[PDB]
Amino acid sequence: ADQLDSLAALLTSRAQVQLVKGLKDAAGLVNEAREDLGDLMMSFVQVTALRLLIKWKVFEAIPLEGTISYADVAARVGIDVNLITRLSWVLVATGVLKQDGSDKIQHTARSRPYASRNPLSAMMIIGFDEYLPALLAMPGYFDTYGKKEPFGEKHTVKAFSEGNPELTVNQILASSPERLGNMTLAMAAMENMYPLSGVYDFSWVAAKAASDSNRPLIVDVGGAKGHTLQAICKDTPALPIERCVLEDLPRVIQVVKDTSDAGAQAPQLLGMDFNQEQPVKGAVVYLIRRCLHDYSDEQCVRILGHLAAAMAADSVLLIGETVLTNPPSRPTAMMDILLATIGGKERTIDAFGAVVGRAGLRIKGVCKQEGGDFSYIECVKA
């Protein structure tokens, strides 16, 4: 253990993706269970103070620069100064806020984002509002439904924790557009996970584009608003977006059309259900990015099967997903459990290989993002 202690010690000497990972592992080593439990409990109180002070517009009342008294803050937001102080003190002690003197509060780099509506503060809100209750409900959920991996769009941990297990997550939300708004803004933060253009080379697709002037190039299966297609084609004249196909449910496709500027360059648009047969045959590339992790292996096999039958011998299927290492990293282990609250999971390359093989495909290679585990798994017909 004395080496990591030294590794981090030389890291902190220069200080005066893993710059701070070793600081997590060092903390783990030295702490005993009772220090772990107090740290965990402090996390829950810290997030609660964060959520309330965002909700009550306190961070907004605190100037980005300079100092303001607790009294003045409380008068601005119209709230009991004692309650404002007690919750601020949680953030002072953890270093999210900074106290000057006995009575004065101020922002830090770590708290300024919470002073406005933005993807970070949106993520804070949905985490507290849309995932924490599901995690807290997990002991009762697994007593109620059986201690097995949760899948299916009804009776999610999330719907259970909200008191209506018969609703889907989307039905639950379409009843309150405010929750809708927070969720959509929050997902913008990682709307650009690492992109194909760069991480994957489509030069060979241009050669296919010339050799067959007639065939579909890239089909983005469940591609939402088609940001990934736009990025791939943007400045490649041999990769024409007009030869590509954006597929998603009819409701989201309709929104794509209703929110697109006239005369803009667009892929073909096709409303469809990727649990049923794939309408576009023989394309060069089928891309399914961040979709399979919402589903059981069995549903993933059905989805991939439709793609395999539509694919030609020289077609490739690109699966854009996190590929867990065995054991997984902290943030991907974390997401793995969050996905369980909504009926999904992350997977190792072995688990993907089992699902891919069952769909009559085989994994030809994997391109992994630098400094993370998000990958494109390149598959071809078996």
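The first residue of the shown sequence is 1; numbering continues from there.
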| property | result |
| --- | --- |
| Unresolved deposited residues lying between neighbours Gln16 and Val17 | 10 or more |
| 283 to 291 or 161 to 169, whichever carries the higher mean Cα B-factor | 161 to 169 |
| Residue stretch of maximal mean CA temperature factor, 260 to 268 vs 308 to 316 | 260 to 268 |
| Of the residues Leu83, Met190, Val77, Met138, the one carrying the largest Cα B-factor as recorded | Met190 |
| Residue with maximal Cα B-factor (values as given in the PDB entry) among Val58, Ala27, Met335, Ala351 | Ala27 |
| Position of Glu247 among the chain's modelled residues by C-alpha B-factor, lowest, middle or highest third | lowest |
| Assigned third (lowest, middle, highest) for the C-alpha B factor of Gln278 | middle |
| Position of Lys148 among the chain's modelled residues by C-alpha B-factor, lowest, middle or highest third | lowest |
| Chain thirds of CA B-factor: placement of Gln299 | lowest |
| Third assignment of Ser69 from its chain's C-alpha B-factors | middle |
